[PDB]
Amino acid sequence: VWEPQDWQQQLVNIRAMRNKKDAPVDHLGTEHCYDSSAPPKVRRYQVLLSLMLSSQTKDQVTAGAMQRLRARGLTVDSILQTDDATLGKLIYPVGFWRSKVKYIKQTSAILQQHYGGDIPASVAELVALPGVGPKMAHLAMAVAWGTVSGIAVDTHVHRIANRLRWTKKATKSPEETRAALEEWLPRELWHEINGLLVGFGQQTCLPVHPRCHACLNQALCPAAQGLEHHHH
């Protein structure tokens, strides 16, 4: 097998310097319509709802309905206790909002009775829900459960993997790093590691002259002794 020495400690340090979550790539490409303080189970329900309200709809109109639902408190119970007319005025004016009221109310009842208040964990069960198609199912599996086919390795993930030495030996291409990372990384982190490291490289682990003087892995990063610059 393989376990990068002090990776679980290096990971939570990357999470700490990332707790602000203010990097360009993620904000361009992540979803902000979820309560950050919500427990993981409530978050998964908010992910599914945000996907069911994005069929031919502006992202500002979509995020505007999420922020209105979060303002009242967005849980499976609060939705089931909301009448159809009230929920209609809330998500209005998202596209096809009348059908989406029926979709959300019925799906929330299916989750409460057959899933203990959680969302399904397979594409086949997700697409069986009213208003959930195959495109939404694969996005829900990736954002809510972290299930992805493979680790998406770009220049940032390839650079940080060789700096922290998360591979057996120094890889030569981002594709060689993918097979080395998939040897040991838990699958629930395969999707989260892309949204975390790419933003980490943009803000701290820069391609040249990284901010090792303000990085928590200064004692954990093996190659930090060669990139730390005092005059920088």
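A residue's number is simply how far along the shown sequence it sits, counting from 1.
Participant: Per the entry, where is the mean C-alpha temperature factor higher: 76 to 84 or 100 to 108?
Facilitator: Stretch with the higher mean C-alpha B-factor: 76 to 84.
Participant: Quick check: 205 to 213 versus 20 to 28, which has the larger average CA B-factor in the record?
Facilitator: Result: 20 to 28.
Participant: If you check the C-alpha B-factor for each of 173, 46, 194, 67 in the entry, which is highest?
Facilitator: Max CA B-factor in the entry, restricted to 173, 46, 194, 67: 173.
Participant: Thinking about Cα B factors across the chain, which third does residue 179 belong to?
Facilitator: Top third by C-alpha B-factor.
Participant: Residue 185: which third of its chain by C-alpha temperature factor?
Facilitator: Highest third, going by the recorded CA B-factors of the chain.
Participant: Where does residue 63 sit by CA temperature factor within its chain: lowest, middle or highest third?
Facilitator: Middle third of the chain for residue 63's C-alpha B-factor.
Participant: Lowest, middle or highest third: which one holds residue 163 when the chain's residues are ordered by CA B-factor from the entry?
Facilitator: Its C-alpha B-factor belongs to the middle third of this chain's values.
Participant: Place residue 52 in the lowest, middle or highest third of its chain's C-alpha B-factors, as listed in the PDB entry.
Facilitator: Its C-alpha B-factor belongs to the lowest third of this chain's values.
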